[PDB]
Amino acid sequence: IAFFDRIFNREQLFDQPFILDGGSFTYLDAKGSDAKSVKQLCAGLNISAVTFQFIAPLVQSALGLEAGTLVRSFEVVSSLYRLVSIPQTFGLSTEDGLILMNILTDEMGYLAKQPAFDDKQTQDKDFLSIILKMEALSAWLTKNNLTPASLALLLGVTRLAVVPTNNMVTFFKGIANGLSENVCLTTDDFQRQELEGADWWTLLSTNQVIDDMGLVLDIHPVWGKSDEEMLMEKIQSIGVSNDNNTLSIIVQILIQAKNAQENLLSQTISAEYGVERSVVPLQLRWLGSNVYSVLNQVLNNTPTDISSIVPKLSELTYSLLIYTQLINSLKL
Amino acid sequence: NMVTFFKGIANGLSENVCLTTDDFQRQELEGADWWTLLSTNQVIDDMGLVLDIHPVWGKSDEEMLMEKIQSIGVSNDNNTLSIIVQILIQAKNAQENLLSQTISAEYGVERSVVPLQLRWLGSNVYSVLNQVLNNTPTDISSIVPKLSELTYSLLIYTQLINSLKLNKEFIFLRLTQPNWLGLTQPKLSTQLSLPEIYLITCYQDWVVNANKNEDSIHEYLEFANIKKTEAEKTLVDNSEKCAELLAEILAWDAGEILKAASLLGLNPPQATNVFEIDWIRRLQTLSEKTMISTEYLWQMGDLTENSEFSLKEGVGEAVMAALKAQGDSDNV
Amino acid sequence: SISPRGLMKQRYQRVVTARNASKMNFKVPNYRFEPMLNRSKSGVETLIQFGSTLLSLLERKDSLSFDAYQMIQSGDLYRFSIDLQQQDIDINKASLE
Amino acid sequence: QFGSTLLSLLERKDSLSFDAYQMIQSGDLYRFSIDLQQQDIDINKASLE
Amino acid sequence: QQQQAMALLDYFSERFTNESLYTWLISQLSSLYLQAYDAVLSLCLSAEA
Amino acid sequence: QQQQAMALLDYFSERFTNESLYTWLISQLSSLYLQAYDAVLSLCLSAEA
């Protein structure tokens, strides 16, 4: 028996055998009984009916047919067959294949296209290389006990479903409350006879050390050094005075203030997401943000209602959740 | 022993925890006879008890006590107001703790749930204690049948809530959003009913096997339902968010979800309550047992009408194809 | 035919830690600040001791409750054990026959 | 006193976390156990045949 | 073996130190502690003033 | 047996004394302790002077 006919008329399940013909059908819904019949027989190709609707628009688009229609010809057939079989050869669902293809090319329907050997040879063109890549990465994925959906989400290929919540409101306002409670620095903190030499508070807020709201500014760390060392350096850079003693106590003040602020935030985040306080600050910088900026925004906004939340911070929590998933999945 | 129980309660209640007018007699409170005023308003029972306060999903006791005081509007002074609220809170908490632990000791139930359970029995701490001091039966014959029936009902509820794997947040929801629990008629809540029991059944079922923590369910419910009210009767546009979120909760396809809600004909097409969820979940069960399109399933529900040839044809063809796909996705 | 069984799902659980606060003021009392300090610190220490004491009791309780539950739970396996042992006896009877 | 008090709490925590992890970890072996037990049932069916 | 296990459960339950004891104790201490909190808190407020 | 194990895990998790409790407690005490350190340290410095 012919390979084709074997694949479709593998057995008789209906009245008519499937047949390959000219003409088209409104695959989007195929409410027309015959169109539906045709589409169903094609769905007889192993896959779930629902799956069919994910594939068909892409096939139609790639082949250039009218959006609602498909035709009973080898072109449609072969395109579908590619999209089904190829990932299946790696045990990947045809669904998943779309994900990997986008990851590789930012196109889902890539295998819908005809093969090509364009003289304008580019990585996005060799079917064969692309297939080999699919092979390799599939191995790597299973090796690492991953999942294409998870990967795509983490890679930002698709968004995770989230919405504002009462609890997130409570979370933010809780933070703001505790932050207002004692841990926010104040000018009187500098008002000591020992510090009579200058209005440190103003000066340190005119220089980029302090936010007059009562926050220390961010300080990007470095491999070989530690906070007090670079705070020392910052103070030395402003060079207000040579007195090591006043300098020392100033640094002490700044250190402990920072440490309280960051501890508060760290533990709060830890409690919400199940991550260590030890890593929260670094994670935040890897998310591309910092404690100072976060807290600044917090006091700048203090949303009292679910509608009040600034989308900036909503996206912050979204990104945060994402990172938390990543860093929990991997043994970081 | 039940006599001893009641008299024990009365004794401890008489001991310090019953509020007294002198409790208000402080120079700070010189501005008014708060005790009388608060007992003329429906805040205090001159016996020394706080009146009952029906809770609500979004709020907490001190918030509503604050509101009550603001409603009487005796004075603008936040300070006196604050201390008054403090007094009331702590007094209530003592009274309720006493009762809660006592009940807990007798019946083997958590103090954490006693108050809610009592309201589900359709009673409250204030009324209970009021009756107690109003009667204080000294002998087995002395007991008022009212309270005898109270303990009878209580025992019943205890058996129920011990047999089922109930919890505080669940019963809070039950006590607050019957609509969300799909309770067709909240008026029915005066006594237990088989429909209520069945609802509880499928609720616990869903809970014990959903993908992610129940607070996500809480969030989903409130999001879905309150959106049709926070903007009056509207926000149908959230159907997509609702569907995809629920689809994540259930591990399914938002397409099917949307289609199902549309075939239900609900406007907005959103699963507003447990009745809806259970139906949807059943539908998924069949889908994942048969590979049949939910559309076709729901349509098939009408097939008994012996309506017409093409309908029967389409259904049979669909089921046949789905069968082949199921055997494909089973044998091979 | 046989198929494997999927491993049961496990998840983290969020923990809330937000807190509210209320402002308070009171009239000048009879006693000077330092007497008041001594009194207060004594009371505070007593209260702290109480809290910690109670905590330990709850830890005890849950320990016992766990052990009890575990024991009764384990008591059920004997059912199956008895069933199968008796069944073997019957099997030996048949062999003898 | 504060420091020592806190310390004890962390010791408690890690104890619980260990026990939890251990329990869930142990829960997986039942998979294999079920597999092999069922397999033996099938084997006995074949013997009967 | 089953018999020993069941009897052991009973003997354990009959230990004098028992769930009941802790329950009772806790209820008493709870009431005391709450009252103490209210009491001393008032004095501390006065101290701040 | 598997069922008992899984259920036991749940019951254990539902113990009132729980990871969550310790976590919460720790976070509070941590904040207090750090502040106390700063506070008393200042006084001790003054004492040396």
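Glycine also receives a Cβ, built like all others from the backbone with ideal geometry; neighbour counts cover every protein chain displayed. Each reported figure results from applying straightforward, stated rules to the coordinates on display, with no laboratory input.
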- Message: Output wanted: per-residue J couplings in Hz (rounded whole) for segment A:113-124, from phi through Karplus 6.51 cos²θ - 1.76 cosθ + 1.60, θ = phi - 60°, x for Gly and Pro.
- Response: 4, 6, x, 8, 9, 3, 4, 7, 4, 9, 3, 6
- Report, in order of residue number, the helices in chain B meeting two criteria: a C-alpha extent of 20 Å or more along the helix axis, and a mean Kyte-Doolittle hydropathy of at least 1.0; treat each whole DSSP H run as one helix. none
- Message: Test of understanding: ordering B:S100, B:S153 by Cβ neighbours within 10 Å, fewest first, what list do you get?
- Response: B:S153, B:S100
- Message: For a Förster distance of 25 Å, can you work out the FRET efficiency between the beta-carbons of F:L43 and A:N245, rounded to the nearest 0.05?
- Response: 0.90
- Measuring from label point to label point, each 7 Å out along Cα→Cβ, what is the C:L7 to A:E233 span in nm? 4.5 nm
- May I ask you to derive the relative contact order of segment B:197-332, considering only C-alpha pairs under 8 Å and at least 6 residues apart, and to give it as an integer percent? 20 percent
- Zone of B:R26 (label point 7 Å along Cα→Cβ, backbone N under 16 Å): which residues in segment C:28-46? C:28-31, C:40
- Under the helix-only model (-39500 (n - 2.57) for each DSSP H run of 4 or more, divided by the residues of chain A), the mean residue ellipticity at 222 nm, to 500 deg cm²/dmol, is -17500 deg cm²/dmol
- Cα-Cα over 20 Å: which of B:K187/B:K227; B:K68/C:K27; A:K143/A:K331; B:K59/B:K168; B:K289/B:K324? B:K187/B:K227; B:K68/C:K27
- Query: What's the angle, to the nearest 10 degrees (0 to 90), between helix A:311-329's Cα axis and the longest principal axis of chain A?
  - Reply: 70 degrees
- Query: How high is the FRET efficiency from B:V144 to B:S112, r the C-beta distance, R0 35 Å, rounded to 0.05?
  - Reply: 0.75
- Förster-model FRET efficiency, 22 Å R0, A:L28 and A:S73, C-beta, rounded to 0.05: 0.75
- Message: Over chain F, with a Gaussian network built from C-alpha contacts below 10 Å, which listed residue (F:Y33, F:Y11, F:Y22) shows the highest mean-square fluctuation?
- Response: F:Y11
- Message: Less than 18 Å apart at the alpha-carbon level, and either on another chain or at least 8 residues along: which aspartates and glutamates does that give for A:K173?
- Response: A:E181, A:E262, A:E272, A:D305, A:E315, B:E62, B:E63
- Item | segment A:200-332, relative contact order in percent, only Cα pairs under 8 angstrom and at least six apart counted | 19 percent
- In nm, give the distance between the simple-model label positions of A:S308 and B:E169, each being 7 Å from the Cα along the Cα-to-Cβ direction. 2.4 nm
- Task: Using label points projected 7 Å from each Cα along Cα→Cβ, tell me how many nm separate A:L104 and B:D33, to one decimal.
- Result: 8.8 nm
- Report, ordered by chain and residue number, the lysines lying within cross-link reach of B:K7, taken as a straight Cα distance under 25 Å and ignoring same-chain residues fewer than 8 apart. B:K92, B:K146
- Task: One decimal, nm, shortest first: give the distances between the label point of E:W24 and those of the same position in the other copies, each label point 7 Å from Cα along Cα→Cβ.
- Result: 2.9
- Message: Per-residue Cβ counts within 10 Å, from other chains only, averaged over A:157-164: what number is that?
- Response: 3
- If you rotate chain F onto chain E, the residue of F with its Cβ nearest that axis, and the gap in whole angstrom, comes out as F:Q1, 14
- Subtract the Cα-Cα distance of A:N46 and A:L282 from 0.36 nm times their separation in residues, and report this length gain in nm to one decimal. 80.1 nm
- Query: Which of the peptides B:218-225, A:144-151 is most tightly packed, and how do the rest follow, going by the mean number of other Cβ atoms within 10 Å of each residue?
  - Reply: B:218-225, A:144-151
- Message: Tell me the angle of helix C:33-74 to the major Cα principal axis of chain C, expressed in degrees between 0 and 90 and rounded to the nearest ten.
- Response: 10 degrees
- Item | Principal-axis tilt of helix A:49-63 within chain A, Cα atoms, nearest 10 degrees | 90 degrees
